[PDB]
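Participant: Opening piece of the complex, as it sits:
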Amino acid sequence: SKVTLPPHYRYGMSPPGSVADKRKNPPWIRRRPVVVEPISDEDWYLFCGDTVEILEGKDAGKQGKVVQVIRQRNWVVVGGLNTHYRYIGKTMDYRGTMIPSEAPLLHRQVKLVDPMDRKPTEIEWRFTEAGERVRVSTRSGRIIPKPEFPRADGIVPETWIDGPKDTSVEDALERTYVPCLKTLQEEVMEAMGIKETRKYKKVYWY
Amino acid sequence: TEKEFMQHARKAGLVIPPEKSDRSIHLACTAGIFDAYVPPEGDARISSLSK
Amino acid sequence: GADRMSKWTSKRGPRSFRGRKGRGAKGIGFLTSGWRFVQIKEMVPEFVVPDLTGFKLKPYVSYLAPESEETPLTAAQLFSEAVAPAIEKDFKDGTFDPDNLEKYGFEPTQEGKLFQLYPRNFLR
Amino acid sequence: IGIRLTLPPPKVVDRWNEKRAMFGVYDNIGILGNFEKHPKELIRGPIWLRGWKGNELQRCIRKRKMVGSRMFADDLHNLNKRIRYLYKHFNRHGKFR
Amino acid sequence: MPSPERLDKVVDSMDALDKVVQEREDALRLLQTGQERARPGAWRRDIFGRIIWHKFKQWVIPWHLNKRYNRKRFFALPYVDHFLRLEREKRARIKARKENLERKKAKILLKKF
């Protein structure tokens, strides 16, 4: 879960902890770094779940939904559009099951699309005076919403039931704390009725 | 006098994306036929207009 | 030669070196004239385990619980929620006297009691 | 084998750079600025050689004179040894004495 | 392992509980004695001339007749000052290399974009 990557490590469409990534980039590997455009956290507009337009490539002018975002290489994978074909089930006597597989796209290769007219548009991050902070289109001036995407938790909160080891909301939020000038040790000692009468004595710290 | 060989390679694909991922492989086709169309046994004999 | 990089442990020296090094366990007594080890009951950490029969708090939480803005507890917040109401009441009543802060929870010296805070008498 | 098998990437040069287009400007500033400034004062570089050409032994001696008090210890040891060696070479060795 | 993330969840939950207990204890100690670092210590300067934070060790006899303690030397004997300067210069060299490399990388990035 906590693995540190080498200073010049290639992000390669597979998670760093994956077996395929371990095969591709063993610790012995050293290769020339790919240099990417520096983009801050406050101007990256396209998020995982919105519809983008491919400006050029093998298919130019077709609309698609991003399925994965790799911020370490300015990559957005569009669902089944900028694809090349490969086999997955491989044996020494029979191989087949040719599938389409997407190739990553740089962020200049795609543009955001607004739901009114379904056209490519540029986005500027205009800070709303209501408190929240969202994107705004340039040509027409609409609020393009952050798309709803399933979270990385792999769960849906509405169809969630408490397990035998999950504490319920009521007794997990019920406030039993009363602030006091006593330590946890004193509180547990007195609560469990442990009587200590002999005193701790002077000790030399140095 | 201390050097070995390298390039341990495996030449078989596997099912590693379903092992852990938040994106899926986007398919374009199906496995077989929803229901096989049985042709008439005497289709060659009935290759005319109609009977 | 000898292994400089390996960590020096209790398995490595002669017979005298073995048994003197140790592995980090804390002593619970002393050695007497006949090499007999005297254990001290008070030097052995006694585990303070509570009762969990009627305890309704599981080691996990429900996802239906709602988030909250974090706020690390500070000495100012603890004072405000611990002594401020009582001292406000006994100042409004006019009984607050600045000399004796003891009855508000303060104590001048920390030597007198058993769990002293600055030198950290207790264990954990 | 010594030659590369491919042609090196084509190296484009912008001749109308800011620096290339403004090169030489404010030279002759003493000649046609009433000699308030010398062209040698337009030079940027080390403190011990601005407006000064010098030999290699001369350069080492000047560097140790002007900036050798705030030098690193190993660098100053190297400078002292270099000055010693250069003294010996330029004063005892070679043709033409 | 069936669901390894359970171990991580438990570990971080206990870490949060320890954080909460430590925060309450720290606030109480600050309120009552105005101190942090509930282990007493002192800024000292060891035999190699470095500045260390020496933590105390709760002995039973005073330090002036503690025989083992009086064998440690918390002072310089300044044959170490040249080594101190050499370490300082090594640190300066490493820092200068780092800054220069940052400059070069920025220049390359701007050169392309």
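Facilitator: Okay, I see it. Numbering: from 1, shown residues only, chains lettered A, B, ... in the order given.

Participant: can we go C-alpha only for contacts and neighbour counts from here?
Facilitator: OK.

Participant: if I pick the most centrally placed residue in chain A, what's in contact with it?
Facilitator: Centre of chain A computed as the mean C-alpha position; nearest residue by C-alpha atoms, centre = their mean is residue A:152, 6.5 Å away. Residues counted as contacts of residue A:152 (C-alpha atoms under 8 Å, 6 or more residues apart in numbering or on different chains) are residue B:22.

Participant: Going along the chain, name the helices of chain A.
Facilitator: Listed in chain order, the helices of chain A (DSSP state H) span A:19-24, A:169-173, A:184-192.

Participant: Any idea which of the ones you listed gets closest to chain E?
Facilitator: Chain E lies closest to helix A:184-192 among those, at 7.6 Å (C-alpha to the nearest C-alpha).

Participant: list the helices and strands the closest one packs on?
Facilitator: Contact here means 3 or more C-alpha pairs under 8 Å, 6 or more residues apart in numbering or on different chains; DSSP states H and E; on that basis helix A:184-192 packs against no helix or strand.

Participant: got the buried residues for that helix?
Facilitator: By 16 or more other C-alpha atoms under 10 Å in any protein chain shown, helix A:184-192 has no buried positions at all.

Participant: Same check on stretch A:93-105?
Facilitator: For stretch A:93-105, burial by neighbour count (16+ other C-alpha under 10 Å) applies to A:99, A:100, A:101, A:102, A:103, A:104, A:105.

Participant: The residues you listed also near chain C: which ones?
Facilitator: Filtering those for proximity to chain C by C-alpha under 8 Å from any C-alpha of the partner chain leaves nothing.

Participant: What helix or strand is residue D:64 located in?
Facilitator: Secondary-structure assignment from DSSP states H and E places residue D:64 in helix D:56-67.

Participant: Give me the contact list for that helix.
Facilitator: D:47, D:48, D:49, D:76, D:79, D:82, D:83, D:86, D:87.

Participant: If we use 10 Å, what do you get?
Facilitator: With contacts defined as C-alpha atoms under 10 Å, 6 or more residues apart in numbering or on different chains, helix D:56-67 is touched by D:46-49, D:52-55, D:68-71, D:76, D:79-80, D:82-87, D:89-90.

Participant: Please apply the same query to stretch A:191-206.
Facilitator: Residues from elsewhere that reach stretch A:191-206 (C-alpha under 10 Å, 6+ apart): A:185-189, C:48-51, C:111-116, C:119, C:121-122, E:39-42, E:54-63, E:69.

Participant: slot chain F in:
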Amino acid sequence: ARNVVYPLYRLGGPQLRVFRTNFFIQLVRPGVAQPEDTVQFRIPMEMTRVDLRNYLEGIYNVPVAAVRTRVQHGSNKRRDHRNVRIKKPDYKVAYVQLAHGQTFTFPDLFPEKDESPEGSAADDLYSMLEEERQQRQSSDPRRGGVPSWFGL
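Facilitator: Below, chain F sits with the chains from the block before:
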């Protein structure tokens, strides 16, 4: 507790008490045959026999009759690709003997699984793979290599 400073005990002083212990132990399956009352644990280095006995009888209420301990040396033989030795951690194992005649056999956790629920993320692609394999294995030696695709 571990990685903590113990208060120094002085004669006549209070009892040393730990309220939130820092010791975590593993109940390991023995690699050899052991008596029926012997339970094998893997405990931290700083834990002692008295510590483990009190741990077991205070947290799990397990009656303990005997405790023995030893230190297993982890291997320092594996070399990194840079020829740097990789050290497996040394650990401590404890053999506890139960008190009142109780016996303990290590459970068999992993057997047995029997589940056939509906799936879409991986089972659909498995149905893909299986159906393609079952439909595309119709080669014929009588043909000698000519592709069996064209109707002609």
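
Participant: and the contacts of helix D:56-67, now that chain F is part of it?
Facilitator: Against helix D:56-67 from outside (C-alpha under 10 Å, 6+ apart): D:46-49, D:52-55, D:68-71, D:76, D:79-80, D:82-87, D:89-90.

Participant: wait, what's in contact with the nearest residue to residue D:73 once chain neighbours are set aside?
Facilitator: Using C-alpha to C-alpha, 6 or more residues apart in numbering or on different chains and skipping the chain neighbours, the partner closest in space to residue D:73 is residue E:86 (7.0 Å). The contact partners of residue E:86, by C-alpha under 10 Å, 6+ apart, come to D:72, D:73, D:74, E:80, E:92.

Participant: From chain A, how far out is residue D:71?
Facilitator: 33 Å (C-alpha to the nearest C-alpha, to the nearest Å).

Participant: on that earlier part again, how close does the residue nearest to residue D:73 get to residue C:48?
Facilitator: 53 Å (C-alpha to C-alpha, to the nearest Å).

Participant: With residue E:31 instead?
Facilitator: Per C-alpha to C-alpha, residue E:31 is found 27 Å from residue C:48.

Participant: Then residue C:83?
Facilitator: Distance from residue C:83 to residue C:48, by C-alpha to C-alpha: 29 Å.

Participant: can you check residue C:105 too?
Facilitator: Computed with C-alpha to C-alpha, the distance linking residue C:105 and residue C:48 is 26 Å.

Participant: Those two - which one has more neighbours?
Facilitator: More crowded of residue C:105 and residue C:48, by other C-alpha atoms under 10 Å in any protein chain shown: residue C:48, with 18 against 12.

Participant: Got phi/psi on the more buried one?
Facilitator: phi -100, psi 90 (degrees, to the nearest 10).

Participant: right, and it touches residue F:57 too?
Facilitator: No - at 11.5 Å, residue C:48 does not count as touching residue F:57 under the criterion of C-alpha atoms under 10 Å.

Participant: quick check, residue F:106 in a strand?
Facilitator: No - counting by DSSP: H, G, I helix; E, B strand; the rest coil, residue F:106 falls outside a strand, being coil.

Participant: List the contacts of it.
Facilitator: So, once contact is read as C-alpha under 10 Å, 6+ apart, residue F:106 ends up touching F:27, F:28, F:29, F:30, F:39, F:40.

Participant: now swap in residue F:23 and tell me
Facilitator: Contacts of residue F:23 (C-alpha under 10 Å, 6+ apart): F:1, F:2, F:43, F:44, F:45, F:46, F:47, F:51, F:52, F:55.

Participant: residues near residue E:41, how many?
Facilitator: What residue E:41 shows, counting by other C-alpha under 10 Å, is a neighbour count of 14.

Participant: throw chain G on there as well:
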Amino acid sequence: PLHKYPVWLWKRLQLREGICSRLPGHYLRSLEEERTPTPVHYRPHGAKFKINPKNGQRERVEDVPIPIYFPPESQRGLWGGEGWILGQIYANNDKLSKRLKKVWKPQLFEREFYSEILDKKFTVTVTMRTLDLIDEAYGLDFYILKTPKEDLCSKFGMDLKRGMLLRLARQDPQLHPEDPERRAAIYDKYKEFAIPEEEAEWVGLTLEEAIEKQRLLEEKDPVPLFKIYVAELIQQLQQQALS
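Facilitator: Putting chain G onto the chains we already have gives this:
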């Protein structure tokens, strides 16, 4: 690369950086005094200029001192401004003979002294030069109070000086009760002295002693936050009530 400051300025930079920067100003100035000691083992030039032989030309001359070496026995005792001379000689005072490393040591004597300000008898390892200096100064007290640090060349002498200066500044019951007029007479024998009390403490203190004194001066164990918070809250309550 290069250091921002030359290596010989580093001591001054440390002096203005930390607790040395919090040391008292007069002590710091006395530390930075850098005044030259009187010639002892060499004869000074009488004049800045001198007309030399071999040409009737006036040439500027400067007197350079000898690097005399002081063993710690000197710090324990009261020598003059003189110590060990670690030099070299030629075999028969001719430069074409061997060069031999020579050491010249002072002739030391053990003698007893009385301090009128301290009212105490000290035994010190002394030499003829400082005996003569005491004779010229008319008393050990006068010699110690008149001679500067660059000339006493002894931590013992500087400690004696600080003791007498503190005695004079305090005007304390020096001799004993029942002799107030004798005490006053001894005090008035040295009116041209007695710098202020807070200044006489830092006299004859090395840098380490000064830093240690200043560190024990600012010990000031921390005050509980309880007092600060209660004071703030009561001031807030008074402010809100008076409105």
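
Participant: Repeat for the buried residues of stretch A:93-105, accounting for chain G.
Facilitator: A:95, A:97, A:99, A:100, A:101, A:102, A:103, A:104, A:105.

Participant: swap that for stretch F:80-99, please
Facilitator: For stretch F:80-99, using 16+ other C-alpha under 10 Å, the buried residues are F:92, F:93, F:94, F:95, F:96, F:97, F:98.

Participant: next one: that stretch to chain centre, how far?
Facilitator: 13 Å (C-alpha atoms, centre = their mean, to the nearest Å).

Participant: Equivalent analysis for stretch G:111-124, please.
Facilitator: Taking C-alpha atoms, centre = their mean, one finds stretch G:111-124 lying 20 Å from the centre of the chain it belongs to.

Participant: tell me how far the ends of it are from each other?
Facilitator: Stretch G:111-124 end-to-end distance (C-alpha to C-alpha) = 6 Å.

Participant: Buried residues, it. List them.
Facilitator: Buried residues in stretch G:111-124 (16+ other C-alpha under 10 Å): G:115, G:116, G:117, G:124.

Participant: Of the residues you listed, which is the nearest to residue C:75?
Facilitator: residue G:117 (55.8 Å; C-alpha to C-alpha).

Participant: tell me what whichever helix or strand comes after the helix holding residue D:64 is packed against?
Facilitator: Next along the chain after helix D:56-67, taking DSSP H and E as the criterion, comes helix D:73-92. In this structure, helix D:73-92 packs against helix D:56-67, helix E:81-112, with contacts taken as 3 or more C-alpha pairs under 10 Å, 6 or more residues apart in numbering or on different chains; DSSP states H and E.

Participant: Pick the most buried one from those.
Facilitator: Mean neighbour count, computed with mean count of other C-alpha atoms under 10 Å in any protein chain shown, is highest for helix D:56-67 among the helices and strands packed on helix D:73-92, reaching a mean of 16.

Participant: Report whether stretch E:3-17 contacts chain B.
Facilitator: No - residues of stretch E:3-17 are not located near chain B by C-alpha under 10 Å from any C-alpha of the partner chain, the shortest gap being 12.3 Å.

Participant: Can you name the residues in contact with that stretch?
Facilitator: The contact list for stretch E:3-17 (C-alpha under 10 Å, 6+ apart) reads A:1, C:59, C:60, E:18, E:19, E:20, E:21, E:22, E:23.

Participant: ok, now how distant is the residue nearest to the first one when sequence neighbours are not counted from chain B?
Facilitator: The shortest distance from residue A:1 to any residue other than its chain neighbours is 8.0 Å, reached at residue A:17 (C-alpha to C-alpha, 6+ apart). As judged by C-alpha to the nearest C-alpha, residue A:17 and chain B stand 10 Å apart.
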